[PDB]
Amino acid sequence: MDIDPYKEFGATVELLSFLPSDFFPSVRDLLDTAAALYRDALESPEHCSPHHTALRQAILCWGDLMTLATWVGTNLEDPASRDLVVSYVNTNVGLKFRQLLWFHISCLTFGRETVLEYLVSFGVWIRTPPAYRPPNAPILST
Amino acid sequence: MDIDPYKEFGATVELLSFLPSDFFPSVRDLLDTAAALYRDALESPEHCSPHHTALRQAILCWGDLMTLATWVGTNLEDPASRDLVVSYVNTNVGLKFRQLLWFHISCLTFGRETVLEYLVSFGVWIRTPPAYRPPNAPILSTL
Amino acid sequence: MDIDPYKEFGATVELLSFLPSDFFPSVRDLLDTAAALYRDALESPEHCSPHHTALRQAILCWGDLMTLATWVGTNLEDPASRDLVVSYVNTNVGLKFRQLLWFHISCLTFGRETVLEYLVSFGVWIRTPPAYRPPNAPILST
Amino acid sequence: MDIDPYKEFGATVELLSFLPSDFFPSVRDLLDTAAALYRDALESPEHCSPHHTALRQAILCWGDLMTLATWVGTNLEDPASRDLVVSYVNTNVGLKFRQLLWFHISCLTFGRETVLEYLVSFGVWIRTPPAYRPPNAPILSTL
Amino acid sequence: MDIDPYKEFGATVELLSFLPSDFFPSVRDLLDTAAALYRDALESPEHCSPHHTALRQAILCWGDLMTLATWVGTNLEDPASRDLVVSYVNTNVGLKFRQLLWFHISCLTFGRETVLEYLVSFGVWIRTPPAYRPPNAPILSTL
Amino acid sequence: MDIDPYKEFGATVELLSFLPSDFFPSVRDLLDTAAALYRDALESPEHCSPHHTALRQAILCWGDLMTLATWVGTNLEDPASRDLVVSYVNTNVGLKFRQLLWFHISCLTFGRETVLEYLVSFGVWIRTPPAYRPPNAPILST
Numbered sequence: 001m002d003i004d005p006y007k008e009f010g011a012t013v014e015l016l017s018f019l020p021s022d023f024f025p026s027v028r029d030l031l032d033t034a035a036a037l038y039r040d041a042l043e044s045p046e047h048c049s050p051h052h053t054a055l056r057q058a059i060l061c062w063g064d065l066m067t068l069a070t071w072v073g074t075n076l077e078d079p080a081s082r083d084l085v086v087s088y089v090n091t092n093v094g095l096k097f098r099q100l101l102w103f104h105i106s107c108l109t110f111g112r113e114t115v116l117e118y119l120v121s122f123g124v125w126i127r128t129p130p131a132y133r134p135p136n137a138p139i140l141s142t
Numbered sequence: 001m002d003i004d005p006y007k008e009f010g011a012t013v014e015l016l017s018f019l020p021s022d023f024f025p026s027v028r029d030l031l032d033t034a035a036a037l038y039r040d041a042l043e044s045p046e047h048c049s050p051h052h053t054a055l056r057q058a059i060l061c062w063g064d065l066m067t068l069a070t071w072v073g074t075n076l077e078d079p080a081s082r083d084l085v086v087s088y089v090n091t092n093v094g095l096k097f098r099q100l101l102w103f104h105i106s107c108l109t110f111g112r113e114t115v116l117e118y119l120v121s122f123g124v125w126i127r128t129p130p131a132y133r134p135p136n137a138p139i140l141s142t143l
Numbered sequence: 001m002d003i004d005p006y007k008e009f010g011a012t013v014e015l016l017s018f019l020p021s022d023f024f025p026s027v028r029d030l031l032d033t034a035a036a037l038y039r040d041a042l043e044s045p046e047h048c049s050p051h052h053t054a055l056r057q058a059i060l061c062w063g064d065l066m067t068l069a070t071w072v073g074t075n076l077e078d079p080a081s082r083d084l085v086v087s088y089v090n091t092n093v094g095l096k097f098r099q100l101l102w103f104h105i106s107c108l109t110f111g112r113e114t115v116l117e118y119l120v121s122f123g124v125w126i127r128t129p130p131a132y133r134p135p136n137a138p139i140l141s142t
Numbered sequence: 001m002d003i004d005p006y007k008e009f010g011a012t013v014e015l016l017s018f019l020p021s022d023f024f025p026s027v028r029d030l031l032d033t034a035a036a037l038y039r040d041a042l043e044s045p046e047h048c049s050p051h052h053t054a055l056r057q058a059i060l061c062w063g064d065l066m067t068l069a070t071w072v073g074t075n076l077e078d079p080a081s082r083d084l085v086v087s088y089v090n091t092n093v094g095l096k097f098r099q100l101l102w103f104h105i106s107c108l109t110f111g112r113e114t115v116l117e118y119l120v121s122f123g124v125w126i127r128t129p130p131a132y133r134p135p136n137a138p139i140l141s142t143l
Numbered sequence: 001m002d003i004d005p006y007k008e009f010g011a012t013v014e015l016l017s018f019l020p021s022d023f024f025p026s027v028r029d030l031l032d033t034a035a036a037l038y039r040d041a042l043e044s045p046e047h048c049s050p051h052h053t054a055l056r057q058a059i060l061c062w063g064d065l066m067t068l069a070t071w072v073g074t075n076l077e078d079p080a081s082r083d084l085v086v087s088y089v090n091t092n093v094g095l096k097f098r099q100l101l102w103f104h105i106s107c108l109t110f111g112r113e114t115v116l117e118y119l120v121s122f123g124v125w126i127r128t129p130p131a132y133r134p135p136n137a138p139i140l141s142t143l
Numbered sequence: 001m002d003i004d005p006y007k008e009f010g011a012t013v014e015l016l017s018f019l020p021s022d023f024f025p026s027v028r029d030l031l032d033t034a035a036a037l038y039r040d041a042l043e044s045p046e047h048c049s050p051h052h053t054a055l056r057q058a059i060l061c062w063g064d065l066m067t068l069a070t071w072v073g074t075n076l077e078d079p080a081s082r083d084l085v086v087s088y089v090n091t092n093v094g095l096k097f098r099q100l101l102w103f104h105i106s107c108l109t110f111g112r113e114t115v116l117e118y119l120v121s122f123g124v125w126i127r128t129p130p131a132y133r134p135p136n137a138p139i140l141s142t
């Protein structure tokens, strides 16, 4: 089955590709905001919304990858192999999880229809020649 | 966050910890089963249910771990480290995903209440020592 | 053009591949079953059902492929090229026609909704570890 | 089992034999015509009509035979058998599919009764010796 | 995008592919006809119909290709390359625009349903080989 | 017949000339946004609006010019003639198509009356002496 991570939330992988890969906050920043604003709802034994379910799964899977990396720091004796693996898990794998955490956290904070409109607006801004592009990028707020 | 993957679905990691490692099908068998019975709901633009929501994220995140095992196979030169990292993904993380996939697929197939009464009853059977335990384990079914 | 032969009948090529390849009986057993149970309906001037229309076409298409294999058998002098072609018809078209004949013969015998439920049940049963499934395999019955 | 494919549609192989071998268009023209007029219905989840069901199986059986010819064109180890087997598919089985595709595409386009009266009408025309045969052969059309 | 220029107007590129290259008037004849019969609708601030909308874009975009052939004539020094590029625009792209202009002009002139029934009936005539085909092609008219 | 490409959409060639020729995004940028946001409506066998029809025609004509350029890359042996022709098709022809794609995409995204008001507002801004001109050019958003 070819499943898109955003289709049920009214988006698509190609739509979230309007954002550059350097736009997203680091994984530590997103997890600190998720614990500071939604820990009460995220530990809940109920479904608050589909976005909470998705975020719970994503956080547990990031924990899995982090455990892999820590276990490779403890179980791989060849330092070159070790370094390569950790770099991959935190850089190549980290970029996908960053994007996903961003999306789900931003839909809990600002609402889903607001974040989809923001992706179109930021696309129009980055598609503009920097000369004709505002010196302030679109940002999310209320 | 001390998040429990089963706590929003009426279960706990302790309730599922009673199932032995030989109880679950392989990842390939579970993924083939999710394809054969729920591809029209899984690839849908509609959530379907929180079980479908949770099953999409679980199918997608295994794919990356398969991509990590593929990348390790193709990019780590040293045979000992290549084999050791590929084995860790295949057995240790594979067991946690086998349990997670099995649970969601079974709640879609039999209903959540039936899987929860089954997990309780299987718990009583597996905690009983072999000298007093009935020879055949409980079977999960539509009742 | 992307027609699926089973799509019209509530199945797919993937849903018939959920059963192991060695499950399906031989083309001879299936053709003998059709010639025993449904000869009158198959040789009728009536559309008896879309399962009858589909099975009529499938018997004729296998008949041609057999004409091709027999004609190859009589008309090629080199036994190695002759064996390669007659083998490839007997094996590779063989599985596709064994699942197609089995599906339409079973739906005439047991009903479509029964055969669709059976595909799911047997495919789940064969994948369950043997200590935790009913001791005997599922079978088709009225 | 002597099944005649035309019998459930009110014809026979004998009634279609009124048309000469050189009458029927090429397979590519017939498949183009099916893709032009009835792709939506052919791709459909529905039993649109018995003519759709028959035309689906014919398109698939021709695709198989072209996969046979393509597999032969790749895998063989002798030119003489390769051309002989490929030419047999293109001509001998070709003439049978050129009449089955023509019959179902015509019945979908003009109605089955129009095509049955057309076969009888063209029979009278082609049976007439060319000294007394009128210059306008019968045709299927809207006018 | 796999956009079909005729798919929003009830047709396909396959349905129009049956017309032979000698069937269409020249670009100059088609452009003269669009001028002589629909200049008050074409130069209007109102859409008129999606056929008028599509016919304006088709008239304008040929003008640029005429401007490319004019610019090539005046700016490419080498005779072989000047002639070869001018010929490619005159014959090959000209044939696709002749068909596109002819279709829009005919749907304005006769109605879309009449052009679609005509394209079907002309298809039957041109697919019939010359030995059995009536001597005169079907004629497009107001019926 | 002298036809203006914008009259039926309530604009004019002279009104779109308020924008500089360096304001418009590249052809690749506009076609990526048209495929990301409207491919579903653009492949539709119906008229969604006149703007969709116009955009369909424009995209097919750009494909035509691109085919001309690729065929000149394959069929013209004199490299100087070849280079000249390709430069013209992508630079001189590309600027008109850029303008048109921009207009039609922007009217699907923001509405037609909003894009006409934007042309007047950007004209007032570029007509201002840079000293009295805001350091942020007008931009299109909701």
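Protein chains in written order, with the entry's author numbering: chain A, 1 to 142; chain B, 1 to 143; chain C, 1 to 142; chain D, 1 to 143; chain B', 1 to 143; chain A', 1 to 142. A prime marks a further copy of an entry chain.
Using N, Cα and C, we set each Cβ at its ideal position, and we do this for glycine too.
Tell me the rounded alpha-carbon separation between residue i and residue j.
i: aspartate 64 of chain A; j: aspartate 40 of chain A; result: 22 Å
i: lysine 7 of chain D; j: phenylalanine 103 of chain C; result: 23 Å
i: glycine 123 of chain A; j: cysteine 61 of chain D; result: 48 Å
i: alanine 34 of chain A; j: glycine 10 of chain B; result: 23 Å
i: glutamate 113 of chain B'; j: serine 121 of chain A; result: 42 Å
i: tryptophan 125 of chain B'; j: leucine 31 of chain B; result: 53 Å
i: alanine 69 of chain A; j: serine 141 of chain C; result: 53 Å
i: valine 85 of chain A; j: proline 135 of chain B; result: 46 Å
i: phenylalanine 24 of chain D; j: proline 129 of chain B'; result: 9 Å
i: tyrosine 118 of chain A; j: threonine 109 of chain A; result: 13 Å
i: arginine 82 of chain A; j: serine 81 of chain B; result: 8 Å
i: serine 106 of chain C; j: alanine 36 of chain C; result: 14 Å
i: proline 79 of chain A; j: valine 93 of chain C; result: 53 Å
i: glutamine 57 of chain A'; j: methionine 66 of chain B'; result: 18 Å
i: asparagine 90 of chain C; j: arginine 127 of chain C; result: 28 Å
Can you pull the chain A residues whose beta carbon is under 7 Å from the beta carbon of residue i, in chain order?
i: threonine 33 of chain B; result: Correct list: empty, because the minimum Cβ distance to chain A is about 11 Å.
What's the call for residue i, buried or exposed, on a 16-neighbour Cβ count within 10 Å?
i: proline 50 of chain D; result: buried
i: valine 27 of chain D; result: buried
i: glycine 73 of chain B'; result: exposed
i: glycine 111 of chain B; result: exposed
i: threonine 53 of chain A'; result: buried
i: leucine 55 of chain D; result: buried
i: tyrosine 132 of chain A'; result: exposed
i: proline 5 of chain C; result: buried
i: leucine 15 of chain C; result: buried
i: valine 13 of chain C; result: exposed
i: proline 45 of chain C; result: exposed
i: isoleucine 59 of chain C; result: buried
Anything in chain B within Cβ reach of residue i, meaning under 9 Å, just list it in chain order.
i: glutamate 43 of chain A; result: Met1, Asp2, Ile3, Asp4 and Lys7
i: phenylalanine 18 of chain C; result: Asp32, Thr33, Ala35, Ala36 and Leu37
Cβ closer than 7 Å: which chain B residues qualify as neighbours of residue i?
i: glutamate 14 of chain C; result: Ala35 and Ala36
Cβ closer than 8 Å: which chain A residues qualify as neighbours of residue i?
i: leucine 140 of chain A'; result: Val124
Interface residues of chain B' around residue i at Cβ under 8 Å?
i: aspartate 29 of chain D; result: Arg127
Residue i CB to nearest chain F CB: under 8 Å?
i: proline 5 of chain D; result: Structure shown: chain F not included; protein chains present are A, B, C, D, B' and A'.
In chain C, which residues lie less than 7 Å from residue i when you measure between Cβ atoms?
i: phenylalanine 23 of chain B; result: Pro129 and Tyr132
* the segment 106-137 of chain B': positions lying closer than 7 Å to chain A' by Cβ -> none
* Residues in the segment 45-69 of chain B with C-beta within 7 Å of chain C's C-beta atoms, listed in sequence order? -> none
* Within 9 Å of chain A' by C-beta, residues of the segment 72-96 of chain B' in sequence order -> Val72, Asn75, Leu76, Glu77, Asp78, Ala80, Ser81, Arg82, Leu84, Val85, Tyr88, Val89, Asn92, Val93 and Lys96
* Asked: Counting Cβ pairs closer than 8 Å, one from the segment 14-27 of chain B' and one from the segment 89-104 of chain B', do we hit at least three?
  -> yes
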